[PDB]
Amino acid sequence: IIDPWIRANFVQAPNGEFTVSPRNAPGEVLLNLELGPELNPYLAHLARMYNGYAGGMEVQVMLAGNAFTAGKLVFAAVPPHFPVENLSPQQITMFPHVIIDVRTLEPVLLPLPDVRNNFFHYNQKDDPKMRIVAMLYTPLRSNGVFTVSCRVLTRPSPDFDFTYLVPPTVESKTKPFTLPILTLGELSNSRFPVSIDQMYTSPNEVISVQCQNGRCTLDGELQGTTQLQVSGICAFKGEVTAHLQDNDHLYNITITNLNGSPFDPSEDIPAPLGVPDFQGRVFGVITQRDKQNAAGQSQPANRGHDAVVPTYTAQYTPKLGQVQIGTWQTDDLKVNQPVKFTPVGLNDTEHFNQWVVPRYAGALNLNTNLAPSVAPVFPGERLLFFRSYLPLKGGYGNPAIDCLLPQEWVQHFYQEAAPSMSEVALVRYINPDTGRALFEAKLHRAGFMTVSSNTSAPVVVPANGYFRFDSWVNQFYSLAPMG
Ligand SMILES: [Zn+2]
């Protein structure tokens, strides 16, 4: 079935690119890949039309170093159900292996067999398979800071074959990860219902964030209070159940879900979906349309006013089903009638902290079912944000919400739901008139981006640039410096 061009020529793997520097030590696994069609884009296209597969492959490795470096790498094949975590460089020579110097101008070849105890593999129902492992065999001396770039190419062996025809692109587990082609003038903020202004790198005191809107993994798993509508970010609806007099007016509100269903407090969610996930005074518009008809040509009556929702206080308890608003010196809200809130911005920058999570069940309770905190782990990297600027009702300031993902990428990751081949995907930011990349970043499975920078500053880009998915990499991959 396979075209004889495919069987004769090597094509770059989707898990292909890696690095080796003299900051690496012999004993660290630089490359750990698994057998299967995902190592070849033509086979990855043909795999979406069949049910199963069997067969081994052939791997070519290119190294790019000069005549001023020294050292040896080793590439070996490791069978299924063998532990890989405590391999030493002495043990890896007891496998089918190849040892190469870094000064060479010629690529390296290794066959990767398909050792199995059955007739074929299924695309669903995964099972362990053969792997290829690379570690540094002798220490790397770049005498006369020099990072060496490396690529992996594959092609099928003469015994590789596909088994049963299924309808194309229906069966999952064969879908490739794609990233949508949208510019920053077309993306939207995911933690507040405005549009994205620029890209920005994190401050020196921000090393770990935990937000609850705009959290979604690359596999398409919504987390926290993340929903899909832009009109539902920082918005809620329900009925007024209470009234209070103060300097102001208070209007306690029992909230429901945004589809109209009542909110069950025992669900595995921190709060109803789409409530604000930061501390501050959210400014917006509250509105009522009545449920009974006063005469009025057989129509209901309507109210709409300005309101403030403070989320740092003891009465912002959306997990318990309550929220309290405020109208400055206005009393026109009927009790026992439905309300809807539409967010506009903030009132002032008082008690405004964007990286502090509210107490969703109030005081005397702990937040449960929270999305996990994210952070960079590689030495010398920081978080990358998408920054918008918000309106204020009064006072002085220039407030800003940062987000981890654009809302359109959340939507695309939900609709596609492709499997993740590794822990980190390498992306680049392409200038489409020339083809030159501007910077490169890491995109993690949990849904956040890190760059290699020393400053907290806005990122100056052209107007038509976009991100492009290039490869799946591992944790040892060393990004080029952004500045
Ligand atoms: Zn009142």
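Residues numbered from 1 in each chain as written, not as in the entry; some residues may be left out. Heavy atoms only, no water.

A closer look at the pattern of salt bridges
At step 1: In the structure shown here, the tally under the stated rule is 20 salt bridges.
At step 2: For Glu17, the salt bridge is made with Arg151, and the minimal N-O distance between the two is 3.4 Å.
At step 3: For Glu17, a relative accessible area of 8% puts it in the buried group.
At step 4: Residue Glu34 is joined to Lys129 by a salt bridge in which the shortest nitrogen-to-oxygen separation is 3.6 Å. (Salt bridge = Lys/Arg side-chain N within 4 Å of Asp/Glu carboxyl O. Buried < 20%, exposed > 50% of the residue type's maximum accessible area, 1.4 Å probe, protein only.)

Things to note about the coordination of the zinc ion
At step 1: Taken together, the protein ligands of the zinc ion are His243 (NE2) and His249 (ND1), with distances of 2.0 Å.
At step 2: By relative accessible area, which is 45% here, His243 ends up partly exposed.
At step 3: Accessibility expressed as a relative area gives 8% for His249, which makes it buried. (Donors = N, O, S within 2.8 Å, 3.2 Å for Na, K, Ca; no water.)

Concerning the UniProt feature "binding site: Zn(2+) 1" (unreviewed entry) in the protein chain
At step 1: As recorded in UniProt, the sites labelled "binding site: Zn(2+) 1" (unreviewed entry) are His243, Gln245 and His249.
At step 2: Within the secondary structure, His243 sits in the loop between β18 (236-240) and β19 (252-255).
At step 3: With sequence-adjacent residues up to four places away left out, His243 is seen in contact with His249, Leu250, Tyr251 and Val335.
At step 4: The topology assignment puts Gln245 in the loop between β18 and β19.
At step 5: Within the structure, the side chain of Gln245 is placed 2.9 Å from the side chain of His249, a separation counted as a polar contact. (UniProt positions renumbered as here; feature names shortened; annotations may be inferred. Helix = DSSP H or I, 4+ residues; strand = E, 2+ residues; numbered from the N terminus. Contact = heavy atoms within 4.5 Å. Polar contact = N/O pair within 3.5 Å; in protein donor to acceptor, adjacent residues only side chain to side chain.)

Concerning the UniProt feature "binding site: Zn(2+) 2" (unreviewed entry) in the protein chain
At step 1: The positions that UniProt labels "binding site: Zn(2+) 2" (unreviewed entry) are, in the present scheme, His243 and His249.
At step 2: One can find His249 in the loop between β18 and β19.
At step 3: Dropping the residues within four chain positions of it, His249 is found in contact with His243, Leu244, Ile325, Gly326, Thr327, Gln329, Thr330 and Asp331.

As for the nonpolar core
At step 1: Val20, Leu31, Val61, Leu73, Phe75 and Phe162 are the most contacted members of the largest nonpolar core, which has 35 residues in total.
At step 2: Sorting the residues of this core by element identifies β2 (18-20), β3 (29-34), β5 (57-64), β7 (72-78), β9 (108-112), β11 (131-136) and β13 (148-156) as the ones contributing at least two each.
At step 3: No other element matches the four residues that β5 contributes to this core.
At step 4: Sequence-distant contacts of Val20, that is, excluding residues within four places in its chain, are made with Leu30, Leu136, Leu140, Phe146, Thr147, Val148 and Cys150.
At step 5: Judged by nonpolar contacts, the second largest core, of 34 residues, contains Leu187, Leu384, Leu404 and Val427. (Core = buried A, V, L, I, M, F, W, Y, C linked by side-chain atoms within 4.5 Å.)

Details of the side chain of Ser452
At step 1: Assignment of secondary structure puts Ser452 in the loop between β28 (449-451) and β29 (458-459).
At step 2: According to the relative accessible area criterion, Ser452 is buried, its value standing at 17%.
At step 3: With residues up to four places along the chain from it excluded, the contact list for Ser452 reads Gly380, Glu381, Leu479, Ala480, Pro481 and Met482.

Some thoughts on the sheet that holds β3
At step 1: If you trace the four strands from one edge of the open sheet to the other, you get β3-β11-β7-β8, paired in antiparallel fashion. The open sheet is flanked by β3 and β8 (97-101), the only strands paired with a single partner. Going across the sheet, the axis of each strand differs from the next one's by a mean of 15 degrees, ignoring polarity.
At step 2: Looking at chain direction, β7 and β8 are connected through five bridges and run antiparallel. Considered in β8, the bridge of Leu73 is made with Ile100. (Pairing = 2+ DSSP bridges. Axes fitted to C-alpha atoms, helices over the stretch in contact; angles between N-to-C directions.)

Quick notes on a nonpolar patch on the surface
At step 1: On the surface, a nonpolar cluster with roughly 330 Å² of combined accessible area is contributed by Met49, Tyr164 and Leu165.
At step 2: Take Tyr164: it is sitting in the loop between β14 (161-162) and β15 (198-201). (Patch = residues over 30% accessible without salt bridge, like charges linked within 9 Å, V, L, I, M, F, W, Y side chains within 5 Å. Areas by Shrake-Rupley, 256 points an atom, 1.4 Å probe, with all protein chains shown as cover.)

Let's talk about the sheet that holds strand β4 (residues 52-54)
At step 1: Taken in spatial order, the three strands line up as β10-β4-β14 in an open sheet, and their pairing is antiparallel. Unpaired on one side and paired on the other, β10 (121-122) and β14 mark the two borders of the sheet.
At step 2: As paired strands, β4 and β14 are joined by two bridges and run antiparallel to one another. Bridging from a neighbouring strand, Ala54 pairs with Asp161 of β14.

Comments concerning unusual backbone geometry
At step 1: Here the phi dihedral of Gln297 falls at roughly 70 degrees; this positive angle occurs in a residue that is not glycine.
At step 2: Position of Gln297 relative to the elements: it lies in the loop between β20 (281-289) and β21 (302-310).
At step 3: Here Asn336, not a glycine, exhibits a phi torsion of approximately 65 degrees, which is positive.
At step 4: By the secondary structure assignment, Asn336 is in the loop between β22 (322-324) and β23 (338-346).
At step 5: Overall, the relative accessible area of 53% leaves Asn336 in the exposed class.

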